[PDB]
Amino acid sequence: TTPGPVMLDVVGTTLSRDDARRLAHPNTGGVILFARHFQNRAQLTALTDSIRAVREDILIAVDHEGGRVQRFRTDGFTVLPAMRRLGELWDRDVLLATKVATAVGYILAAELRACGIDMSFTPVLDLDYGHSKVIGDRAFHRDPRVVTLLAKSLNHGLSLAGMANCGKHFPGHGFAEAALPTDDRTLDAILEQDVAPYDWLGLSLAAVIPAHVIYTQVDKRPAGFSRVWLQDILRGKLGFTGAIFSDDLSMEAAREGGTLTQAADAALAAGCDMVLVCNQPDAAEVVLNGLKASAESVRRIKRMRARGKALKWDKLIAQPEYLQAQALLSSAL
Amino acid sequence: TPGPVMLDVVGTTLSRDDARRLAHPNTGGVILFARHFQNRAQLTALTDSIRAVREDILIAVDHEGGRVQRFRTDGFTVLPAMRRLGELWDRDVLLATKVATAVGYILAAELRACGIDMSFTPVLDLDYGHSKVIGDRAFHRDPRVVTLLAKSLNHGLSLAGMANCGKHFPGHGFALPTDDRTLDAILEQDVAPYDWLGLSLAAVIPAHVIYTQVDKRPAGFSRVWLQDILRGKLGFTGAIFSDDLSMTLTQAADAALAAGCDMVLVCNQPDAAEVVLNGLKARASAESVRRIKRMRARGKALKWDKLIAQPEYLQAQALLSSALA
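Residues numbered from 1 in each chain as written, not as in the entry; some residues may be left out. Chains lettered and ligands numbered in written order. Heavy atoms only, no water. Residues with missing side-chain atoms left out of burial classes, pairs and counts.

Looking up chain B in the PDB entry gives the name Beta-hexosaminidase 1, with the organism given as Burkholderia cenocepacia. If you open the UniProt record of chain B and go to Subcellular location (unreviewed entry), you find "Cytoplasm". Its UniProt record gives chain B a comment under Pathway (unreviewed entry), which states: "Cell wall biogenesis; peptidoglycan recycling." (UniProt positions renumbered as here; feature names shortened; annotations may be inferred.)

Chain A is annotated in the PDB entry as Beta-hexosaminidase 1 from Burkholderia cenocepacia. Under the Subcellular location (unreviewed entry) heading, UniProt states for chain A: "Cytoplasm". Per its UniProt entry, chain A bears the Catalytic activity (unreviewed entry) comment "Hydrolysis of terminal non-reducing N-acetyl-D-hexosamine residues in N-acetyl-beta-D-hexosaminides."

**Student:** What should I look at first to understand the state of the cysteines in this one?
**Tutor:** Defined simply, a disulfide is a covalent bond joining two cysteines at their sulfur atoms. Residue and element names in this part refer to chain A. The tally for this structure, following the rule as stated, stands at 0 disulfides over all chains. Looking at the unpaired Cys272, the closest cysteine sulfur is the one in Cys166, lying at 10 Å. With a relative accessible area of 3%, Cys272 lands in the buried category. (Disulfide = S-S within 2.5 Å. Buried < 20%, exposed > 50% of the residue type's maximum accessible area, 1.4 Å probe, protein only.)

**Student:** Would you mind showing me how to read the pairing of strand β2 (residues 28-33) of chain A here?
**Tutor:** A regular strand places its side chains so that they alternate between the two faces of the sheet. All names here are of chain A. Judged by how many residues are buried, β2 sits mostly within the fold: 6 of 6 residues are covered. One ladder, built from 3 bridges, connects strand β1 (residues 6-8) with β2; its direction is parallel. In the strand pairing of β2, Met7 is matched with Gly30. Chirality of the crossover, the property in question, places the unit of β1, helix α1 (residues 17-24) and β2 among those that are right-handed. Note that β2 and strand β3 (residues 59-62) share 4 bridges and pair parallel. Across the sheet, the residue bridging to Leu33 is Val62, located in β3. The handedness of the β2 to β3 crossover, carried by helix α2 (residues 41-54), is right-handed. (Helix = DSSP H or I, 4+ residues; strand = E, 2+ residues; numbered from the N terminus. Pairing = 2+ DSSP bridges. Right-handed = clockwise from strand over helix to strand, strands pointing away.)

Given below as structure tokens:
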């Protein structure tokens, strides 16, 4: 069994036979979890264990950014700050902010690993122009140099627990505000600021989600369906070698009239390694069985699995590094 | 469970005497030097043979780059002196951080390919332009720049599953050598990287330096430095390795352990080291053992032939070649 290109979700808090059929399909490569999949840690750990038991090579992901985007916020999960808080701390004390960003990343990753999750779709690398409500306080800072070094520090924390990362929403969701948002800036302007964190992070950036945004002076296709953005800019100009995950194909406007299967095919043809189909598993199953569409993608997908062993909760709760990180978060924020 | 002593093996092939020492309950590690390296095949056979005797062994080396890099041939990348990264930082801060991570990734990945757990790097000593022994091994004069460059390097090491070890605590930059500064002065600058790195700092080697205003004992033998300052004030939870005790020997090892070292280094005299193994009084705390185990490399590593064809490794090589030219 090798991972397929589709990341989908399960129906409940324990696996059903229909879930197990979808998990076994060759075109399935991942599961994304939402708040509805979480009752408490024991239930979540049993759920992810059962998913891996069906499909050993599956990737399990969640949206854990902190602040407004954090699916699990109860039964011992630490409620993490909005990333904007880390930018505000930086504006007072740069070095302390980098230390706190790493503590946040370590806590975030260690808690997820304790429940058997591979990765979080974080960091947001969108710049805080103040133009985008949907991004808002999810952005670290206005300045792309600051976004880079704070996100790098966060990603270092994630790496200390063996977890990768995923920068979003490429090439930048910060400027446009919503049909899909349109950003009418020149390519050179977008590259100068919004793309700079992707370029500067180098090996510290493991993956990208492209924005459901149309950059009207660059390509009429939204970024996740754009060979210009994904190949010419990201793989070509930037030499990026990590995984590319589409944003949710369930966002109707992003498909430009296409079905879920046509949009999945288009995203993979443009350069996504994996496509997300959220909140409609039967429709995801139509995609699994209808997809027209890689060894190169498989390598990148496999590299998103968490690395090494992780502490279960019953050990994490006693670990000096975890406890140190918790104390720092409390004091510095 | 790993013991507290890190020692060297005699040569390029394990001997019966080495095997007897490796099996001693008080052994926890091997440190490798340039004399242990003929070529990659020999080195990998050596580290395999070490782990075959003692499964829980930690295998370490001094790979800093520049003047301190034991393995430089048969495909090993000759890495820059850390000063070069500070110089690049003065030109372009963001590029320097990217390059530091590429250097750390290359450094760790090549060592992992040969079965080594860790490198004793980064040097956190500040470049006051005073210490010849440190010299171009220091990143920078500014403790903020040392912190962020060392952090970026440590991130690269972490991407290959490798830890790190900051040295030489509380600071070798100003100075057995003596350092006559106040405790406050030493904390203000030299100690700052240890504090700011937080979880990005995995371990520490204390300096063989006497800080005369603080303690008559060198830092590795000082419960003031190790307990009151490092464990206490900074809240540091990582491993502490003595610097080489070869620089009774058993009493020195016991003193360093009692002061706060989790592991002691005894280099370049395996017979004397065996006396230490058999005479040592120290009983490691459970926390000490946990710290030592956490220094082992994490996850799977690529073998050499796979590594050199890996896109990320190739990207890191291309960046080093272009940015440091």
